[PDB]
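Every residue, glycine among them, receives a Cβ derived from its backbone with ideal geometry; neighbour counts consider all protein chains shown. Derivation of every value follows stated rules applied to the coordinates shown; laboratory data play no part.
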Amino acid sequence: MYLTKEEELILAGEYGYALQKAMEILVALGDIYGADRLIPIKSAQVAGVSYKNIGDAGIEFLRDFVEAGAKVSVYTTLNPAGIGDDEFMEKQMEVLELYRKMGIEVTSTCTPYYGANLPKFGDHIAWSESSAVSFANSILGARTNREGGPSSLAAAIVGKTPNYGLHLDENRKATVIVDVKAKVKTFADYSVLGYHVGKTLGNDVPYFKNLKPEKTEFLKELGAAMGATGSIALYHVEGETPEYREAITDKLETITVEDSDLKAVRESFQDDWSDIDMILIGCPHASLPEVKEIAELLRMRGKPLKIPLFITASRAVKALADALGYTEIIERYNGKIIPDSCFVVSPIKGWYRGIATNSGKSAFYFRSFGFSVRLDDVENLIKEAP
Amino acid sequence: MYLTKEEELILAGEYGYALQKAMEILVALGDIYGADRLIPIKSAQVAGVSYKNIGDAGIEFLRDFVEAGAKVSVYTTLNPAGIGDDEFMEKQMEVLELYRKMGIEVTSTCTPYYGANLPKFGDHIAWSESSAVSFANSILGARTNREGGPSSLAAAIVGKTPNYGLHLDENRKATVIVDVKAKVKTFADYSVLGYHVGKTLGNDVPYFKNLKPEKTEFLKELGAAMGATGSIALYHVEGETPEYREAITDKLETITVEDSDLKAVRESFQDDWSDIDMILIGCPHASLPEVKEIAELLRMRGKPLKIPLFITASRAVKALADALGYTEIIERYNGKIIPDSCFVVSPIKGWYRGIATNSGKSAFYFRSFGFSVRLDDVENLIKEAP
Amino acid sequence: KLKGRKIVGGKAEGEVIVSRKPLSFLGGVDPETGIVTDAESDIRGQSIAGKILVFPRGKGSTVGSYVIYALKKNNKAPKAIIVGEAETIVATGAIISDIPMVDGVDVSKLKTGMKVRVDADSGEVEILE
Amino acid sequence: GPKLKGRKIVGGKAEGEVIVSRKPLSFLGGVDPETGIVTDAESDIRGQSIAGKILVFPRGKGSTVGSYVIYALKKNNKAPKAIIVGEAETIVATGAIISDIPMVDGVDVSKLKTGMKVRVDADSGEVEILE
Ligand code: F3S
Ligand code: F3S
């Protein structure tokens, strides 16, 4: 991968052990994917935030790097944090501080496209978490690889990524055509479809015919689910995605998703309500209309919940639902909007044994971890709950 | 204009005086622009929120509609409010409250695309604020006309709009090319450029060549200005706009913007610091990195401002500035972040007499209100500030 | 008889008052009095109340439709509106105030003071001589 | 003698004794960063150490944070002396870089079996088999 004369200084440690190692990683990646040059990124999202993930090893590198003098050279935000006992939490906040000391915006969310950092169509960025990468690539038309934890951190310190993969016009072209004959209209239906399409596809860039989502949030989900079961960082919805007209550039095979395909997944997450002691909505982090949805749903329920309801959401969304009286409503019934945190990445196996959710991503991960799960729309979940 | 058998019943009056009179409005605008049918909208944005602009005749109408049971059938937010003495605020809160009773998100920002309401590419919506319209059409690819106060509300009530203008493919094609031969690098540059292009162009859909904006906020401002000195509801930037590839479909003329064009605008907004008693940034409402910029700038200044600085912002952005520590750095140096208000729309005439700003829209409206104004970038406004 | 378009129905007869200038309701008309306030309108001081208004087009602020509604509550509203071309400000005002409006009429054939009848349901103006 | 050619990922030279696995090793929760003992649900190798051994395995897998586990491994001295991967992905190469662990990819790992002494010139992507 071609390196500028300045980049080949940084590589030679002229600007410090922190920039050197950052650059050292970025050339190792360019040498693996045959990127031509390093392109500048306009923002970055760094992965490896929860203490359950990176652990003490993660803090070790993060610590030495901050001491070496690592500082981000572009506007970068963070990935969601964990929730746990205060012994755990004390360690987590140490992680978030190290990232802060590097100059990162500590906004700890996977929906930074709500208030925090909204990329423009065609912006090259270094984002790191699947649901966000799929959203920025597919529903915003910006460009970013599915960067890892360390790859995004290095990209955020140099200010550049290798110019491989989804940064190139030819790589954003459609791979498969997905014809959705099944009835897919509720939020949970896009959860269950994204599950199935990710699990049956490979490293494809699908092209969705016959898909007309009511709420943009359904696609936010759809991509997230596909990013869990599969490895989809980009799709197209004919008429809804900004890049859909140029997506196809050769003959493609058409796979079809029938109602039988989806029922087989809806029915895999139907554990009894008596094994469910928690509700998670907000995977990915709820929008304001998602929260307003849950608020008005409890107003018509009249009575509170006997199990806790959790709405994971960006700091920006919470602070809206606060000022609009939505979180006041949600808290009077037994609910709480948990800001800038994530549950699937938190050590909660000993706190709750069963999650009900409208997310297909959480349904997928929690089932594998060993929890009872129950997958349904929020309107159904809030009605049936104890 | 064709009406579905349900729509003629709304006009027939089956669903109340509210939906009827709202439908009566719509079928009169359709019969003016020749809409074929009514198309549904995914969200709305109601203009006519400041008590300065709607006055008592405003609260007149909104009182009697709240009475006859008008509710909005689609998610909808508000134009910004005003700022004044406590009389004005009581009436202002009345206006906001009346809209709230119609089921409106009282967000009151011109940047709902941060946190509040982010339209997807290709979504038909019914927005009214000019700066927000320029964003939805040009930078997001969503489709809406420049609605009015009463029409944005009328559409928000029924959930549909006349199908004309910017909802149709062919009216989103460019009508003129803008060869930006001038140096346009900074926020003020895109401010002063938009003031020009907006003033020289008619009801054009301009196509920008040679325009590589570093920050999307530059295009937020570039659109806000053209919408203030002209009627530019949608523009294309080459390589940066989601619809720019299919923009030019027939022979277009090319106007060029020389440096002398931009210089003339700068020097009509060069009033002495001795004529200024207020700094306004955030017009349109600042993004998070805009607030970040101002804070890091007051950092280096290290002394407080002896005339007061105001950052008008969405409450979404204001909230992040709170939680990230940017506000505390601002209020320590005499700044203040004003959520969901607007200054060109507040009766400030007796309170201040001179506005220093970086916005071309603010400069144009404040100059034409009679105030002395001084237009520069934020870094200069804060260095040389008293 | 002059033929135009049915913007808002109803029937009305009254005294014609004419403007040959685009009239802007937000600012140029007082909701309390019906008097024109525009600095350079033909009828700088004339009141619209209970008359037959004739003017080529409305203009100004989208909010002007609300002024026309206040005129109708405060009872200083015109009996009918004859515009050259119906636009969003004036039409919305008549729609929400139930004021009869008919556009597309030769407004030059109407001079101030004429006794005139407007059948807005079928969109026709008849001059009474 | 029988020199095996591969690509330079991380320079440096290291001799020593081999351990080989024909299974994608995962590094987040796959190696105990204190002991270097391979702890992965699916593995050729469970309960064997990596410290001071040449680690031949087809590719890294799992979570991208595994690079940190390698960084902790190295600072605990329980890291391999060198790493002969078949195919360099971004988990193991990143960990090699931040750890300064000599790495080489592109080697035909079928010509290496567990126990074979070997030197790796990672500066040149070469693999001599000392006998
Ligand atoms: S990071 Fe966000 S996307 Fe879902 S799995 Fe966690 S809530
Ligand atoms: S309404 Fe908003 S866009 Fe600017 S001129 Fe006022 S702050």
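Side notes on the structure shown:
- To the nearest ten degrees, helix D:66-75 and the longest principal axis of the Cα atoms of chain D are 80 degrees apart.
- The calculated FRET efficiency for A:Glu267 paired with C:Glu15, based on their beta-carbon distance and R0 = 60 Å, is about 0.20.
- Angle between chain C longest axis and helix C:88-97 axis [Cα atoms, degrees, rounded to 10]: 80
- Förster-model FRET efficiency, 22 Å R0, A:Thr249 and A:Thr200, C-beta, rounded to 0.05: 0.45
- Fewest-first ranking of B:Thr77, C:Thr92, D:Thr90, B:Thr254, using other Cβ atoms within 10 Å as the exposure measure: B:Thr254, D:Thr90, B:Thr77, C:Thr92
- For residues of C:69-76, the mean tally of beta carbons on other chains within 10 Å: 3
- Spin-label model, B:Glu90 to B:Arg301: label points 7 Å out along the Cα-to-beta-carbon direction sit 3.6 nm apart.
- Whole-Hz Karplus values for the stretch D:108-118 come out as 6, 5, 5, 7, 10, 10, 5, x, 6, 5, 6 Hz, taken residue by residue from phi with 6.51 cos²θ - 1.76 cosθ + 1.60 and θ = phi - 60°; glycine and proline positions read x.
- On the principal axes of its alpha-carbon atoms, chain A has extents of 66, 56, 37 Å, going from largest to smallest.
- Anisotropy class assigned to the protein assembly as shown is prolate, per the alpha carbon gyration tensor with a/c at or over the 1.5 cut-off and a/b larger than b/c.
- Partner shielding of A:102-115 amounts to 3, given as the average count of beta-carbon atoms from other chains within 10 Å of each residue beta-carbon.
- Note on the stretch A:210-229 and the stretch B:322-386: Cα centroid distance 41 Å, given to the nearest whole angstrom.
- Counts of other chain beta carbons within 10 angstrom of each beta carbon in peptide B:289-298 average 1.
- Restricting attention to the protein assembly as shown, close to 30% of DSSP beta bridges with both partner residues there are antiparallel.
- For A:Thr161, distant residues with modelled amide H under 5 Å away: A:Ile39, A:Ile41
- Considering only chain D, percent of DSSP beta bridges that pair antiparallel, nearest 5: 50
- Between this copy and the others, label points of B:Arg332 are 4.0 nm apart in ascending order, each placed 7 angstrom from Cα in the Cβ direction.
- Computed on chain C, with alpha-carbon pairs under 8 angstrom and 6+ residues apart, the relative contact order is 38 percent.
- Segment D:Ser49-D:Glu34, extension gain: residue separation times 0.36 nm, minus the distance between their alpha carbons: 4.3 nm
- Prolate/oblate/rounded call for the stretch A:92-192, Cα gyration tensor, a/c under 1.5 rounded: oblate
- Inter-part distance where the stretch B:70-118 and the stretch D:42-97 are each reduced to a Cα centre, Å: 57
- Near-label residues of the stretch A:26-66 by backbone N, under 15 Å of a point 7 Å along Cα→Cβ of A:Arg100: none
- Inter-copy spacing of A:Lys306 label points, which lie 7 Å from Cα along Cα→Cβ, given in nm from shortest upward: 6.8
- Amide H contacts under 5 Å for D:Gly86, placed H, 5+ residues apart: D:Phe57, D:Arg59
- In chain B, Cα pairs under 8 Å separated by at least six residues give a relative contact order of 17 percent.
- Cα gyration tensor category, rounded, prolate or oblate, for the stretch B:5-169 with a/c compared to 1.5: oblate
- For the stretch B:120-153 and the stretch A:131-156, distance of Cα centres in Å: 28
- Less than 5 angstrom separates the built amide H of B:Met278 from those of B:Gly354, B:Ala356, all sequence-distant by 5 or more or on a different chain.
- Take A:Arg367, move 7 Å from Cα toward the beta carbon, and the resulting point lies 6.3 nm from the same point in each other copy, nearest first.
- Applying 1/(1 + (r/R0)^6) with r as the Cβ-Cβ distance of B:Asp56 and A:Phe369 and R0 = 56 angstrom yields a FRET efficiency of 0.40.
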